[PDB]
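As a starting point, one isolated chain is supplied in structure tokens, in the form deposited in one PDB entry.
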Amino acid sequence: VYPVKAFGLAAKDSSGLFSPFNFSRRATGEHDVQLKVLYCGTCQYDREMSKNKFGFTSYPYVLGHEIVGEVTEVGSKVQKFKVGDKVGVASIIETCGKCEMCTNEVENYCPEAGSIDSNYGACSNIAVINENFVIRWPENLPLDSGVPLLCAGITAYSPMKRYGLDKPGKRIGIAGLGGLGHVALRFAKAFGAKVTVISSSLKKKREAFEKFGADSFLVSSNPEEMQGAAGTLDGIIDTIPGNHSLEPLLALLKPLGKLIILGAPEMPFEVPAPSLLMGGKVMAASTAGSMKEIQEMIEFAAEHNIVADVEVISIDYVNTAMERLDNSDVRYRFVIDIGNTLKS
């Protein structure tokens, strides 16, 4: 219904099959930033959403919730951005502005928070975003390998800060060395933690040590390895997207330790009361992060040279990438090269 021509990829139904899709964006309002999309990260969440895993997908579904681009126009009241600036946008682009969560700068938890993909995401030529939901991209962070910071980076960083899993010398587990996990690992290392990777096989063992500097690696299907590490970890970041038990993770925690649940399985977790009571353990979940947190995160990543390991793909490759995500078959995030491959 709007004046600015847009084009990208959309799924028509819960098959999740993407196709070229024409749509539109609002004209640039007084407080808006229009940007040419350069790179669009993608991830398991897009695959899950495209197939309506969570039951809340609206079709047609235009993916794209982690973008970097260059400003093409700003509204008359925008001061902070100018034409040509490199900018990033994460998954939340509107909130109520007036509730407790919004006023306390944790607006990602606004009960009326609006996601970028809810009104056509930004695997597209252009995006138009209120200036309060855009960041200036740091000059020392690559655009292609940095874009997943707007999804994986913030999602890890926010709870790591909130729950105190950001201290040197503590022992932090990362469950699932995937898209989100490899970034969480890099943050934990930069905070000075000793990192244990908890993985479903030995395939990523060498990577964990030689790519990531893990201190130890546990295969979750090896009972002796898991048992040997009982009660050793201060915290665990659980990234696993598929059905799994929390009991083995809780067993790895010290008393008072914290399990942070980021992944979103369809099957509910079965949690015996003693698995928490014995040792007074904590389970917390977390989603995304606030704009204040994203700004802190991106400055921290720039200072510590934290980026993702990315496979840069074309628009035409997206359905292949989606199929590869069904076995997490990427090292470690797909990034779509919009600027060079989306046809105009």
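Residue positions are given as counts along the sequence shown, with the first one as 1. If you superpose the two forms and keep the largest set of C-alpha atoms that fall within 1.5 Å, you have the rigid core.
Look at the mean CA B-factor for 201 to 209 and for 83 to 91 in the entry; the higher one is 201 to 209. Between the stretches 261 to 269 and 112 to 120, it is 112 to 120 that shows the larger average CA temperature factor.
Annotation for 129, 101, 150, 135: 101 ranks highest, by Cα B-factor.
Note on the listed residues 54, 39, 45, 317: the highest Cα temperature factor in the record is that of 54. In this PDB entry, the Cα temperature factor of residue 226 sits in the top third of its chain's modelled residues, the highest group. When the modelled residues of the chain are ordered by C-alpha B-factor, residue 313 sits in the lowest third. Remark: residue 31 belongs to the lowest third of its chain, ranked by C-alpha B-factor as recorded. In the PDB entry, residue 105 places in the highest third of its chain by CA B-factor. Ranked against the other modelled residues of its chain, the C-alpha B-factor of residue 97 as given in the entry falls in the highest third.
Only in words, not in the display: the form deposited in another entry, which the text now covers.
Only one of 37, 33, 297, 49 has its Cα shifted by 2 Å or more between this form and the one not shown after fitting on the core, and that residue is 49. Once the rigid core is used as the reference frame, the Cα position of residue 287 differs between this form and the one not shown by less than 2 Å. A displacement of 2 angstroms or greater separates the C-alpha positions of residue 224 between this form and the one not shown, with the rigid core held in common.
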